[PDB]
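Just the one chain here, the form solved without the named molecule, laid out as structure tokens.
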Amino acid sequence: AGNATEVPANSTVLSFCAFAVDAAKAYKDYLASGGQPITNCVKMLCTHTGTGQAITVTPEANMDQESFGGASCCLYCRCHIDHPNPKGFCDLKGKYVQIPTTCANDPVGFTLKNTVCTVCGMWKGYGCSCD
């Protein structure tokens, strides 16, 4: 009974990060030891004529980004573990995340390591216009 959510390629990384005390460090260390990035993300078919904003209610990818379903780019959602903020709630689940095409091979790692500019809504170092 039930419906599978995962593929065998993600078993090792997800099992490792599901048991870790510090899952974010565990995933960064997993990648540094040659591990493969988490796959089976929710990639969107979109026009690529979007605003380019980082976290949106609808896909907003521009010509230099891929849009993904937010929960699928969140290590804590992928591993079904606690979220690190005090309220234990997610900021990606329920939204779409725009990832630069250059970093689209690892959406989970990109969101773990990067920050959204609170002023212009673009990723810092990847489209954030202000200094």
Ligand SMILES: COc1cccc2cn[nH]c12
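Numbering starts at 1 and follows the sequence shown.
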Legend entry - Between the two ranges 83-91 and 45-53, the one averaging a larger CA B factor in the entry: 83-91
Legend entry - Residue selected from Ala20, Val116, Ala9, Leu14 by maximal Cα B factor: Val116
Inset, instruction - Rank-wise, by C-alpha B-factor, drop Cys130 into the lowest, middle or highest third of its chain. - result: highest
Legend entry - Ranked against its chain, the third holding the CA B-factor of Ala71: lowest
Legend entry - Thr39 - Cα temperature factor, lowest/middle/highest third of chain: lowest
Inset, instruction - Give the position of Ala26 by CA B-factor within its chain, expressed as the lowest, middle or highest third. - result: lowest
Legend entry - Chain-wide C-alpha B factor ranking for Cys77, given as lowest, middle or highest third: lowest
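Not on display, but discussed next: the form deposited with the named molecule bound.
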Inset, instruction - Would you check, heavy atoms only and a 4.5 Å threshold, whether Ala9 touches the named molecule in the deposited bound form? - result: no
Inset, instruction - Tell me, yes or no, whether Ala20 is in contact with the named molecule in the deposited bound form, where a contact means a heavy atom of each within 4.5 Å. - result: no
Inset, instruction - Determine whether any heavy atom of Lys43 comes within 4.5 Å of a heavy atom of the named molecule in the deposited bound form, and answer yes or no. - result: no
Inset, instruction - Answer with yes or no whether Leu31 is in contact with the named molecule in the deposited bound form, where contact means some heavy atom within 4.5 Å. - result: yes
Inset, instruction - Please state whether every one of the three residues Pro100, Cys103 and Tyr126 places a non-hydrogen atom within 4.5 angstroms of the named molecule in the deposited bound form. - result: no
Inset, instruction - Pull the contact list for 95-118: residues with a heavy atom within 4.5 Å of the named molecule in the deposited bound form, in sequence order. - result: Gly109, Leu112, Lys113
